[PDB]
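Chemist: turn this into a structure:
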Amino acid sequence: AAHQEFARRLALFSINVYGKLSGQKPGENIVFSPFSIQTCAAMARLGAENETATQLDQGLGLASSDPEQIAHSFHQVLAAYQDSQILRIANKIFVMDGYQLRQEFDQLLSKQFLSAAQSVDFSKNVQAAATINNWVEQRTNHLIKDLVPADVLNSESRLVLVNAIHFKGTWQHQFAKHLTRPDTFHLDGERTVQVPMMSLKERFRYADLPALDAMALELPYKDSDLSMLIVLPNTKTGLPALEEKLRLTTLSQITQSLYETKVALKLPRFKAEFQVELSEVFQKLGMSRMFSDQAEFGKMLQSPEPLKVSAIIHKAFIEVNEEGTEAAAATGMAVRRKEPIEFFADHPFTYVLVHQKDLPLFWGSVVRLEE
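Modeler: Numbering: from 1, shown residues only. Please see the structure below:
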């Protein structure tokens, strides 16, 4: 249905972005919220026209070229997440003093994307960035700071679109802290580090993935249909090969493979933070016109001023420990006038924080750990 299609399109967008990020920022732990990125960009699409809009439709994987339909489909997902004890999602638009949104854009953002709105003076760009970034902090339990630098805002800025997402869940099956001990995490064939390694024997949904030379495990969050999917290469140095093989399948095909079994799990206690300016990723996914002097965003403002995207920034944070997971992310877009089975995660792996086994909220990799 609608959820499954939305999820499928988002999963493909996710692996698309992940591949470009891995290439742009090699050797570091990736974490991002594809949901946050797709939602923020879809909000911008509502104000786009012509080839600019078509590129966004195709690069984001939207199911319609009709702004009303696109908005309705995001509303279905957002409205579901309003009634949650674990998840909080928030949208807001920040608009230059004296500029008015077009009626349709305004109504779709407010009613379908549940977006708030505030007028700001971008010519006072230090002040405007503080307003934006303080709001993001409030929406992410202070985990995402300084999202939009003052230096990307100026008197030519006209609006900033922001999506924020915050997650705090408890494991259905928590780890016992007294079992956590320093243990070896293999960075590669020449390098290892000692890290706090959590240990738990329990029944989990599991899949052997021989076609991907990997194995997967699902860790559910308590009182929810949310979970963490871990995909673990069979070889210590296998993650780059696995990241390529993932493109040959889908998240839903992976999770459909899972079955409950007794597992001896080892998993590092870890935190990761990641930040990226996404313009190059978008260009590489075929969404270049939005940054150019040919950008078409004539449906955003009543003003006849031509507009383009000057920056897209994403930041994310995740903390995994014995009790559960806390994660957060935000995306800002600035627009301007022109017997047990062993599952030992002791070498690099990829993970996905998923809703209903098929909709990715967060996606990351652990390739290195300190201390």
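
Chemist: can you pull the contacts of residue 184?
Modeler: Residue 184 is in contact with 192-195, 346, counting by CB atoms under 8 Å, 6 or more residues apart in numbering. Where C-beta positions appear, they are placed from N, C-alpha and C, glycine not excepted.

Chemist: list the buried residues of stretch 25-34.
Modeler: Neighbour counts over stretch 25-34 (16 or more other CB atoms under 10 Å) mark 29-34 as buried.

Chemist: can you tell me which helix or strand the closest residue to residue 45 other than its chain neighbours belongs to?
Modeler: Nearest non-adjacent residue to residue 45, counting by CB to CB, 6 or more residues apart in numbering: residue 56, 4.3 Å away. Using DSSP states H and E, residue 56 maps to helix 50-60.

Chemist: between helix 50-60 and the helix or strand following that helix, find me the angle.
Modeler: Using DSSP H and E, the helix or strand that follows helix 50-60 in sequence is helix 67-82. Angle between the axes of helix 67-82 and helix 50-60 is 40 degrees (criterion: axes from the mean of the first three to the mean of the last three CA atoms, to 10 degrees).

Chemist: what helices or strands is the very next helix or strand once past helix 67-82 leaning on?
Modeler: Note on helix 67-82: by DSSP H and E, the next helix or strand toward the C-terminus is strand 87-96. With contacts defined as 3 or more CB pairs under 8 Å, 6 or more residues apart in numbering; DSSP states H and E, strand 87-96 has these neighbours: helix 34-45, helix 67-82, strand 116-120, helix 125-139, strand 157-170.

Chemist: tell me, which strand in this protein spans the most residues?
Modeler: In the chain, taking DSSP state E as the definition, the longest strand is strand 192-209.

Chemist: in the helix holding residue 56, what counts as buried?
Modeler: Across helix 50-60, burial judged by 16+ other CB under 10 Å covers 52-57, 59-60.

Chemist: cool, and stretch 201-211?
Modeler: For stretch 201-211, using 16+ other CB under 10 Å, the buried residues are 204-207, 209.

Chemist: would you mind giving those as a markdown table with distance to residue 130 added?
Modeler: Formatted as a markdown table, these follow (distance: CB to CB, whole Å):
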| residue | distance to residue 130 |
| --- | --- |
| 204 | 44 |
| 205 | 45 |
| 206 | 47 |
| 207 | 47 |
| 209 | 47 |
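
Chemist: ok, the residues you listed vs residue 101, which is closest?
Modeler: Residue 101 has its nearest neighbour among the buried residues of stretch 201-211 in residue 205, at 45.6 Å by CB to CB.

Chemist: quick check: the gap between that closest one and residue 142.
Modeler: 34 Å (CB to CB, to the nearest Å).

Chemist: then residue 353?
Modeler: According to CB to CB, residue 353 stands 20 Å off from residue 142.

Chemist: looking at those two, which one has more neighbours?
Modeler: Just comparing residue 353 and residue 142: by other CB atoms under 10 Å the higher neighbour count belongs to residue 353, 25 against 11.

Chemist: correct me if wrong: residue 219 contacts residue 202.
Modeler: No. Residue 219 is beyond contact range of residue 202, at 9.4 Å (criterion: CB atoms under 8 Å).

Chemist: which neighbours do those two have in common?
Modeler: In contact with both residue 219 and residue 202: residue 173, using CB under 8 Å, 6+ apart.

Chemist: which one is residue 367 nearest to, not counting chain neighbours?
Modeler: Closest residue to residue 367 apart from its sequence neighbours, by CB to CB, 6+ apart: residue 348 at 4.5 Å.
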